């Protein structure tokens, strides 16, 4: 089986204000740098074979802390990069709600139908993350694989892994510097643990709505 450890990046500078990041590339916040270290210490307690990361700074820096703790290389992986939020990129949630209320409604109620103007569709995210996971299943059988990514691709991954409709997107928790444990077994994928944050202690932050 594959032991798949799905990690959301530690807090970026834009997370506390709820600014849509997309393919834009802010640094980790100081709190996020602390979260990344705490997460790395927790994951270092077990054997890790390979670490994949979205190439954006927030994810890559989180992955580097995990990798340094185990003497591994981080493999940058475009297929797990954040959704391209297009015109929403750089906007606050409240700004999007005011300017694009109908598009916001579609995102929150029917995410599987969304295609961000100037950006990417959720269907496109699902397709690329699922292709990545299929390749991981083949390549990394009997290994432990860390995947450092973002809420949108991760939620798409849960749908893919369970074989459920992409319309179920919002039904999975995904906090900064959390990890989930998935066993990719012969007959199915099992979510053994979802959105674990105990290692964060006082640096735990509950995720923003609509992110």
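Numbering follows the first chain given and starts at 1.
So which stretch wins on mean C-alpha B-factor, 200-208 or 3-11? The deposited B-factors put 200-208 ahead on the C-alpha mean.
Is the mean CA B factor in the deposited entry higher across 67-75 or across 87-95? Between 67-75 and 87-95, it is 67-75.
Of 171, 151, 59, 41, which one's C-alpha B factor is largest in the deposited record? Of the options given, 41 has the highest CA B-factor in the PDB entry.
Which third of the chain holds residue 126 when residues are ordered by C-alpha B factor: lowest, middle or highest? Bottom third by C-alpha B-factor.
Chain thirds of CA B-factor: placement of residue 184: For residue 184, whose C-alpha B-factor we compare with every modelled residue in the chain, the answer is the middle third.
Going by the recorded CA B-factors, say which third of the chain residue 175 sits in, lowest, middle or highest. It falls in the bottom third of the chain.
For residue 167, does the deposited CA B-factor place it in the lowest, middle or highest third of the chain? Middle third - that is where residue 167 ends up once the chain's C-alpha B-factors are sorted.
How does residue 120 rank on Cα B-factor within its chain, lowest, middle or highest third? For residue 120, whose C-alpha B-factor we compare with every modelled residue in the chain, the answer is the middle third.
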